[PDB]
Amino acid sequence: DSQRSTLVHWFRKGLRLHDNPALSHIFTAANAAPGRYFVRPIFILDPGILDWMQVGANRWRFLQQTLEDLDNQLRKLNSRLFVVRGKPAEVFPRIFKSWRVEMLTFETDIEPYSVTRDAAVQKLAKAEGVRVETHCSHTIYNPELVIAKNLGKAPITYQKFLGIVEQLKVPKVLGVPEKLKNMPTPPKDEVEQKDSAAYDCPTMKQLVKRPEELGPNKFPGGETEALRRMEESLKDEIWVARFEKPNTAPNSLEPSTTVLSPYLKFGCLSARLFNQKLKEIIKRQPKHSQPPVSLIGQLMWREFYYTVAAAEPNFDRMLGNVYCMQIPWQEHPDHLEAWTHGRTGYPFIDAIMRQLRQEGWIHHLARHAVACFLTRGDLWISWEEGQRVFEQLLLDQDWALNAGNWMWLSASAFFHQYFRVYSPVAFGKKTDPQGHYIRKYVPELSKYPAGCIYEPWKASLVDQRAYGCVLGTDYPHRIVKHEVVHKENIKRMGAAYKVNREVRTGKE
């Protein structure tokens, strides 16, 4: 085995065995040549970032669980995961030389960090005489090809995007990789000799530095659970078929929606397997919804955002963003901290922000409620700030998706009907009139009648006391007054829209 070469698959995104052309390529190459190769499936933990703040304790746990599952699955194919600690730049040079790597394969990522990183690793491999074959399986449709077919522009409207995509071929969704035939463990590398457990899966302690920030384990990580959740979600085909996003409740105690997003984000679930499964159901169901409200529609929204983000490195900022509106957002530190910790004084908003911090997922409509309140609805705080918070607390934190959807809610891009402002009091009531959701996440107000649980300021002091929650002590006073402010922000929106319009006129 001294004369063997190594074939390597690099997991960054796409943490699954199913529908992984990059991964499969290896496994099939290996057994095609039974005794000529050593297979290393690797994940590169950049350990320094653990102390980093744009990672929630909850998301760390999700990754930890994901890697363990991925290892277990790999184990069943006579292999294993290798979690290599270090920076790609300082690891790869060592591994190609020490393992004698012949091929490196990975799933392509459009994010700017990933672009610059991959380019660097492409360059390094090119010098070192290492073959690199990359595959595009994070999204159904390659954003590069979508732009191409729209004459080199990324479509900035959903209907237009659908028209472009439908005329593109949908790639074949693969199964799991084959069981490696005749594959002894690769000999320990310099680092493995010194410590055998070096490329083992990280323990919870190793990844979760601040475990007190962990909330209830509602959504376990990994491909196994992803597939399991999906199958259960697809069980009721009628539900699936007649699914319309706006008609789903943000405040229901159990999720109205699938909650497959985190799995789709980490690549524990293949968006192509999902698309494929959905299509099969629509076909068996005459009465069914269509885009953009339908469940396939929602998947196509993910693709939309991925395309537009691919064309713009400044996708996650107002400044230098081609799609984005230039709006004079204002600094309001105290207002920002209050919103971050769900102490706005608005129970519905506070409920949502708390669920987010505690569980790491909140319903899409709920995200709307909070985002609007923060950006154009009331506070007048920049969407970049909200994006920052969400990045920290979301399990399904996605650079393209989070950016794109925050612009939408701030009416900076992709949305423009700024007269439509969500009422932090009115919006919640329609689907949870009793205020059950508020009672759960803001238990301080759990004894309040439905008549003013959304609007505690409407209750007299004698009333508050009697409810066991006196405002200004046991609960925060509302930081702003929605009726006065939102109308005022509406005017500011129109002002900033006009200004952007001149700038456009002037370039011409």
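In this text, rigid core is short for the largest set of C-alphas that superpose within 1.5 Å between two forms. In case it trips you up, residue 1 is the first one in the sequence shown, and so on.
Between 53-61 and 35-43, which has its CA atoms farther from the current form in 9 other deposited structures of this protein, using a rigid core superposition?
It is 53-61 whose C-alphas lie farther from the shown form in 9 other deposited structures of this protein.
With the rigid core held as the alignment frame, decide whether 282-290 or 361-369 lies farther from the shown form in 9 other deposited structures of this protein, in terms of RMS C-alpha distance.
Once the cores are fitted, 282-290 deviates more in 9 other deposited structures of this protein.
For the higher mean C-alpha B factor in the entry, choose 125-133 or 235-243.
Between 235-243 and 125-133, it is 125-133 that shows the higher mean C-alpha B-factor.
Comparing 439-447 with 44-52, which stretch shows the greater average C-alpha B-factor in the deposited entry?
Comparing 439-447 with 44-52, the higher average CA B-factor belongs to 44-52.
What's the residue among 255, 267, 152, 433 with the greatest CA temperature factor in the PDB record?
Going by the entry's C-alpha B-factors, 152 comes out highest.
When you compare the CA B-factors of 71, 195, 225, 350 as listed in the entry, which one comes out on top?
Most elevated C-alpha B-factor of the set, per the entry: 195.
Ranked by Cα temperature factor within the chain, is residue 98 in the lowest third, the middle third or the highest third?
Highest third - that is where residue 98 ends up once the chain's C-alpha B-factors are sorted.
Among the chain's modelled residues, which third holds the C-alpha B-factor of residue 215?
Middle third - that is where residue 215 ends up once the chain's C-alpha B-factors are sorted.
Sort the modelled residues of this chain by their C-alpha B factor and say whether residue 32 lands in the lowest, middle or highest third.
Highest third - that is where residue 32 ends up once the chain's C-alpha B-factors are sorted.
Looking at the C-alpha B-factor of residue 499, is it in the lowest, middle or highest third of its chain?
Highest third.
By the record's CA B-factor, is residue 67 among the lowest, middle or highest third of residues in the chain?
Residue 67: CA B-factor falls in the lowest third of its chain.
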